[PDB]
Amino acid sequence: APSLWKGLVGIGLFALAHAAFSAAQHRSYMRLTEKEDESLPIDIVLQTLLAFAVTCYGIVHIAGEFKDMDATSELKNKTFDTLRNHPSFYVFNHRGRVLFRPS
Amino acid sequence: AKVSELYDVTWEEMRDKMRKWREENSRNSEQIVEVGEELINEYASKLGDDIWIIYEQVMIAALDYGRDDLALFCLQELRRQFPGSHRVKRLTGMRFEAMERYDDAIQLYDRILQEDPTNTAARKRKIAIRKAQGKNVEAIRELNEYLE
Amino acid sequence: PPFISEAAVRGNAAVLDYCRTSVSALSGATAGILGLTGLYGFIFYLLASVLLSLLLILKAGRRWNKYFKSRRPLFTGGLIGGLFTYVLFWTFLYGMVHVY
Amino acid sequence: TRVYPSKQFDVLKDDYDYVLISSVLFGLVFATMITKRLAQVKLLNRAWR
Amino acid sequence: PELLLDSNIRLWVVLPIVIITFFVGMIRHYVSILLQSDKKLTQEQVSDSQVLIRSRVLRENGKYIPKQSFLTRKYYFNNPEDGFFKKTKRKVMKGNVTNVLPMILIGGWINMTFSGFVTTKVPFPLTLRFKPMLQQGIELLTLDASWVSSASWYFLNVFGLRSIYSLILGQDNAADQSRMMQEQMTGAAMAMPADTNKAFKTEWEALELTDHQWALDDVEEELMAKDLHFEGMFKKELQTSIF
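Residue numbers (the authors' numbering), protein chains in the order written: chain E, 2 to 104; chain B, 2 to 149; chain F, 11 to 110; chain A, 945 to 993; chain C, 4 to 95, 111 to 261.
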């Protein structure tokens, strides 16, 4: 799922860049002709707004963690069996050691 | 089931599962060693920072399970990268205590204490050594002193 | 509610700020691409921020009590710094295309 | 001829050495790449030691 | 829109200045990380630091504590006869977040290199009293203040990416064994100053100022309730098998 969102964001960014290039070409043509104070066509403006909204949707979905405020639910499935043993004090005197000695 | 488990798996999932194992600090030395040398021989490409902790965990499990050969194999690799490191010294002393001649690991711990005054791990390992060497009362006394 | 974990709150705030920054940065690029007057540009930035806030609220929906204690930071948050980084990218592509 | 009312404010200045600018631009990237590994190894050494 | 500019000035000014400021910020961050040095720590200072943390957790979490043990702890800390705080006594340019000087120097060098230049115009209407700010090298009185020079461009650029830098970077939390050492280091770095006597007296009086309210007495609230979470919870624990 995240890969699809990343691809959609990339496609939206590419569409935005293409709309930018089209607007730049429009302004370059406008500089050619005297007067004719007209705005850029509305179709490209709608396309760039569509690219603005599409990339704005996946940018929220990419980084969603929203971890729970309560910390009692994170030590909830953990049992006391694993907590009893500690990495610090570790005695290497067990029957399994001499059981596994020969293979 | 060994080959079947080895088929439907990726290295990323292996590393994530071992990281979760380290987070839960469970006892699965059999399974930790079983997946340990596998990622060591299959990928052996990148994630050096991860692979250092990987090596340490693997030899910790091998000290428990049955295998000192891999323990020394990881010790030499750890010593190659870091020439002077107190963690490798503590691990080597732990393995020495496991094998024989506890007193050598002992003076190793006193040299570690002489170098770095603040070393809780060495004192904890000495406390665990005297927990199994002598009576538990003396170990309780030293633990109370360290806890003070 | 009796016990609160600071790590979760920090992560939530970091995600919210990252989203607010990225959305504002892209809104600046859009405004620079079109090119408007200051009043219209500021109103457009405010509209984009409101739309982002509405989408963020819709993202949570049910069970939002455990996710966010309140809603004030979701509505009012990162409005000055986000505008500061939006003004950069608004004029970055504005003069690059029109003036140049 | 061409007359200049107030010097020039529309065209690039003639005396603009590109060697210094390019050298600085490349050196910044080289320095950030050099210091990335230094920071990484410093973090790793502090964690281990 | 006027003042037709060249297309070969935008490719030799804007991109260079943007890359320069970006990588200068990156250099500053990485060099700050590199120059960070650890501080020597005496075992005694760590000792009183942990004692202070213990007093703090006693103050914070004291409701869920037997009353007898609570007064035992409070007496041990206080102990008017001997007391541990009372007897145990020890014996006793202008660099201020230097980040402005480098940016000022970089902006000054950039402005010195570019004498007469027009980088970009700002859409925002600006007054004529900021014209000496913005141009600083152009001899024009009829021109508007919208057209700014490279100095203001870089000045706005450094603030433009202030929040962008944190997007790439972030925080780190690992090394569970080294986490404890980090906590001791930071806590004793808090407890560096040599004002042990007044701190001990302040904590001694603050501990007396605390009252006791056993939060364990309110048990009747749970007895009259409903246990239905323990089966929606139990239904979602069944599907998972054993590896």
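Just so you know, even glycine gets a beta-carbon here, dropped at the ideal spot from N, CA and C.
Between the segment 31 to 44 of chain F and chain C, which residues of the former have CB atoms less than 8 Å from a CB of the latter, in chain order?
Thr31, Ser32 and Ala35
Using the Cα positions of F/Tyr77 and C/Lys89, report the straight-line distance between them to the nearest angstrom.
47 Å
Between the segment 972 to 990 of chain A and the segment 138 to 154 of chain C, do three or more beta carbon pairs fall short of 8 Å?
no
Residue burial classification, C/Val27 (beta-carbon count within 10 angstroms, cutoff 16)
buried
Assuming contact is defined by CB atoms lying nearer than 8 Å, are F/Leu98 and C/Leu44 in contact in what I supplied?
no
Pair every Cβ in the segment 129 to 139 of chain C with every Cβ in the segment 164 to 174 of chain C, then say whether three or more of these pairs are closer than 8 Å.
yes
Would DSSP call C/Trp165 helix, strand or coil?
strand
Through-space distance from F/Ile43 to C/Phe132, alpha-carbon basis
28 Å
Are the beta-carbon atoms of F/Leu66 and F/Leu84 separated by less than 8 Å?
yes
Within 10 angstroms of the Cβ of B/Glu98, are there 16 or more other Cβ atoms? Answer buried if so, exposed if not.
buried
Report the neighbours of A/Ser950 on chain C: residues whose CB is nearer than 9 Å to its CB, in chain order.
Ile156, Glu157 and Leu158
Any Cβ of chain B within less than 8 Å of the Cβ of C/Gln46?
yes
Return the bridge partner residues of C/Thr138 from the DSSP annotation.
C/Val166
Following the continuous alpha helix (DSSP H) through C/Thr91, name the residue where it begins and the one where it ends.
Segment: none, C/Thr91 is in no alpha helix (DSSP H) and carries neither H nor E.
Cβ of F/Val107 within 8 Å of any chain E Cβ
yes
Looking only at C-alpha atoms, which of B/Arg20, B/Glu139 and B/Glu25 sits nearest to E/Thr80?
B/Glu25
Segment contact, 8 Å Cβ cut-off, at least three pairs: the segment 59 to 70 of chain B with the segment 25 to 37 of chain B:
yes
Given 8 Å, three or more beta-carbon pairs between the segment 115 to 131 of chain B and the segment 82 to 101 of chain B:
yes
What residue does the alpha helix (DSSP H) around C/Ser58 start on, and which one ends it?
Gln46 to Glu63
I want to see whether chain C comes within less than 8 Å of A/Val947, judged by CB atoms only; does it?
no
Mapping the DSSP letters down to three states, classify B/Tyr44 as helix, strand or coil.
coil
Closer than 9 Å by beta-carbon distance: list the chain E residues that pair up with F/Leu103, in chain order.
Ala21
7 Å Cβ cut-off: residues of chain H touching B/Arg88:
Looking at the structure shown, chain H is missing, and the protein chains on hand are E, B, F, A and C.
Proximal residues of chain F, C-beta to C-beta of C/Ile182 below 8 Å
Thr31, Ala35 and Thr95
Does any residue of chain E have a CB that is nearer than 8 Å to the CB of F/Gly21?
yes
Using the three-state DSSP reduction, which class does C/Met242 fall into: helix, strand or coil?
coil
Using a Cβ-Cβ cut-off of 6 Å (strictly less than) and excluding sequence neighbours within five positions of E/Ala16, which residues of its own chain qualify?
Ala52
Where C/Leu7 and F/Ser32 are concerned, what is the direct C-alpha to C-alpha distance, given to the nearest angstrom?
33 Å
Tell me where the alpha helix (DSSP H) around B/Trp12 begins and ends.
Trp12 to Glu25
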